[PDB]
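**Q** There's a structure below that I have some questions on.
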Amino acid sequence: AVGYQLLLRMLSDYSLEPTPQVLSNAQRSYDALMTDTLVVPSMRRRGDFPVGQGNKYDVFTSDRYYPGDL
Amino acid sequence: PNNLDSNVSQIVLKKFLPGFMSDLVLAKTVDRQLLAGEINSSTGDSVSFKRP
């Protein structure tokens with residue numbers, strides 16, 4: 001991945017143009033590199049959402065609602 | 001001689017001797033109504049008050 005990206009950013013230094021197969025190889029390698037950094041963050045509760053009464057919360061510990069964030 | 005020490009038993013009574021104690025003064029004097037139930041670990045770890 002790194003080599004193909006460097007080659008793409010460097011070929012123009014020698015007055016040359018890329019070819020379709022090199023482009024396809026670079027795209028495949030870049031996709032393979034990018035599939036490792038994927039995270040897909042999850043959306044937490046709003047923080048004002050009520051907690052169901054079946055969760056058996058405590059009245060004075062402010063467990064009736066989700067913490068939200070921080 | 002009579003050796004009848006096996007006719008008795010060693011007994012430890014179910015009584016506790018008194019211990020030592022301290023005094024609680026500072027907690028009763030400092031004000032508590034201002035901070036009471038204003039900070040929650042879920043919401044954060046800091047709260048602020050405005051000066052006059």
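Labels for the structure tokens follow display order: chains A, B, ..., residues from 1 in each chain, ligands from 1.
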Residues of chain A within 8 Å of chain B, counting only C-alpha atoms, what are they? List them as a tab-separated table (two decimals) with N, CA, C and O atoms, in the first residue's frame.

**A**
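Heads up, here's the output in out.tsv:
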chain	number	residue	atom	x	y	z
A	67	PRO	N	-26.50	7.85	31.39
A	67	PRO	CA	-25.47	8.88	31.60
A	67	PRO	C	-25.21	9.75	30.39
A	67	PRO	O	-24.68	10.86	30.55
A	68	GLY	N	-25.55	9.30	29.19
A	68	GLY	CA	-25.25	10.06	27.99
A	68	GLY	C	-23.79	9.99	27.62
A	68	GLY	O	-23.30	8.95	27.17
A	69	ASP	N	-23.07	11.10	27.79
A	69	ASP	CA	-21.64	11.16	27.52
A	69	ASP	C	-20.93	11.88	28.65
A	69	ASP	O	-21.52	12.71	29.34
A	70	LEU	N	-19.65	11.56	28.82
A	70	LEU	CA	-18.82	12.15	29.87
A	70	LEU	C	-19.44	11.98	31.25
A	70	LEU	O	-18.91	11.27	32.10

**Q** Go through segment 8-52 of chain B and collect every residue that DSSP, computed from the backbone, puts in helix (DSSP H, G or I); the answer should be as a list in words.

**A**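 Secondary structure check on segment 8-52 of chain B, helix (DSSP H, G or I): residues 26, 27, 28 and 29 of chain B.
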
**Q** Just how far from atom CA of residue 32 of chain B is atom CA of residue 51 of chain A, in Å to one decimal?

**A** 29.0 Å

**Q** List as a CSV table (one decimal) with N, CA and C atoms, in the first residue's frame the protein and nucleic acid residues near segment 22-25 of chain A, meaning an atom at most 10 Å away when only C-alpha atoms are counted, but skip any in the same chain fewer than 6 places from it.

**A**
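Heads up, here's the output in around.csv:
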chain,number,residue,atom,x,y,z
A,1,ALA,N,0.8,-1.2,0.0
A,1,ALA,CA,0.0,0.0,0.0
A,1,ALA,C,0.9,1.3,0.0
A,4,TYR,N,2.8,1.6,-3.4
A,4,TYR,CA,2.0,2.1,-4.5
A,4,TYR,C,1.6,3.5,-4.4
A,5,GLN,N,1.3,4.0,-3.2
A,5,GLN,CA,0.9,5.4,-3.0
A,5,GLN,C,2.1,6.3,-3.3
A,7,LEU,N,4.6,5.5,-5.3
A,7,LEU,CA,4.9,5.5,-6.7
A,7,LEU,C,3.9,6.4,-7.4
A,8,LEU,N,2.6,6.4,-7.0
A,8,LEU,CA,1.7,7.3,-7.6
A,8,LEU,C,2.0,8.8,-7.4
A,31,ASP,N,-7.4,-0.4,-0.5
A,31,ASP,CA,-8.6,-0.9,0.2
A,31,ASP,C,-8.2,-1.9,1.3

**Q** Taking 4 positions as the minimum chain separation for residues in the same chain, which residues sit within 9 Å of residue 2 of chain A when counting only C-alpha atoms? Answer as a list in words.

**A**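 Final neighbour list, sorted by chain and number: residues 6, 7, 29, 30 and 33 of chain A.
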
**Q** With a distance cut-off of 8 Å and only C-alpha atoms, select the neighbouring residues of residue 48 of chain A, excluding the residue or stretch itself and same-chain residues fewer than 3 positions from it, and output the selection as a VMD selection string.

**A** chain A and resid 45 65 to 66 68

**Q** For the selection you just gave me, I'd like the residues written to a file as a compact mmCIF listing (two decimals), in the first residue's frame, keeping N, CA, C and O atoms.

**A**
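Output saved as part.txt:
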# COMPACT_ATOMS: atom_id res chain seq x y z
N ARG A 45 -26.77 6.29 24.17
CA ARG A 45 -28.08 6.82 24.48
C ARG A 45 -28.04 8.34 24.58
O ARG A 45 -26.99 8.95 24.75
N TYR A 65 -32.05 7.55 34.46
CA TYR A 65 -31.76 8.01 33.11
C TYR A 65 -30.34 7.62 32.75
O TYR A 65 -29.48 7.44 33.61
N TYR A 66 -30.10 7.50 31.44
CA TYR A 66 -28.79 7.09 30.96
C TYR A 66 -27.77 8.20 31.18
O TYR A 66 -28.11 9.39 31.17
N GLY A 68 -25.55 9.30 29.19
CA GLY A 68 -25.25 10.06 27.99
C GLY A 68 -23.79 9.99 27.62
O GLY A 68 -23.30 8.95 27.17

**Q** Just want the 10 Å neighbourhood of residue 64 of chain A, counted on only C-alpha atoms, with same-chain residues fewer than 3 positions away dropped. Output as a list in words.

**A**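 Using only C-alpha atoms, the neighbours found are residues 48, 49, 50, 51, 52, 53, 55, 56, 57, 58, 59, 60, 61 and 67 of chain A.
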
**Q** Take the selection from the previous step and output its residues with C-alpha atoms, as a PDB file, in the first residue's frame.

**A**
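selection-v1.pdb written:
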ATOM      1  CA  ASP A  48     -32.484  12.067  28.565  1.00  0.00           C
ATOM      2  CA  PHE A  49     -33.823   8.634  27.618  1.00  0.00           C
ATOM      3  CA  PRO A  50     -35.690   7.025  30.535  1.00  0.00           C
ATOM      4  CA  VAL A  51     -34.438   3.723  31.888  1.00  0.00           C
ATOM      5  CA  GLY A  52     -37.118   1.055  32.026  1.00  0.00           C
ATOM      6  CA  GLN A  53     -38.554   0.436  35.471  1.00  0.00           C
ATOM      7  CA  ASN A  55     -34.042  -2.502  35.330  1.00  0.00           C
ATOM      8  CA  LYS A  56     -34.520  -2.063  39.112  1.00  0.00           C
ATOM      9  CA  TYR A  57     -32.771   1.277  39.528  1.00  0.00           C
ATOM     10  CA  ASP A  58     -32.164   3.202  42.755  1.00  0.00           C
ATOM     11  CA  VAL A  59     -34.148   6.357  43.455  1.00  0.00           C
ATOM     12  CA  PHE A  60     -31.389   8.501  44.976  1.00  0.00           C
ATOM     13  CA  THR A  61     -28.496   7.351  42.748  1.00  0.00           C
ATOM     14  CA  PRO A  67     -25.469   8.879  31.604  1.00  0.00           C
TER      15      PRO A  67
END

**Q** As an exercise, work out the distance from atom CA of residue 62 of chain A to atom CA of residue 36 of chain B in Å and give it to one decimal place.

**A**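 Between atom CA of residue 62 of chain A and atom CA of residue 36 of chain B the gap is 13.0 Å.
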
**Q** Tell me, in Å to one decimal, how far atom CA of residue 35 of chain A is from atom CA of residue 9 of chain A.

**A**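 Spanning atom CA of residue 35 of chain A to atom CA of residue 9 of chain A is a straight-line distance of 21.7 Å.
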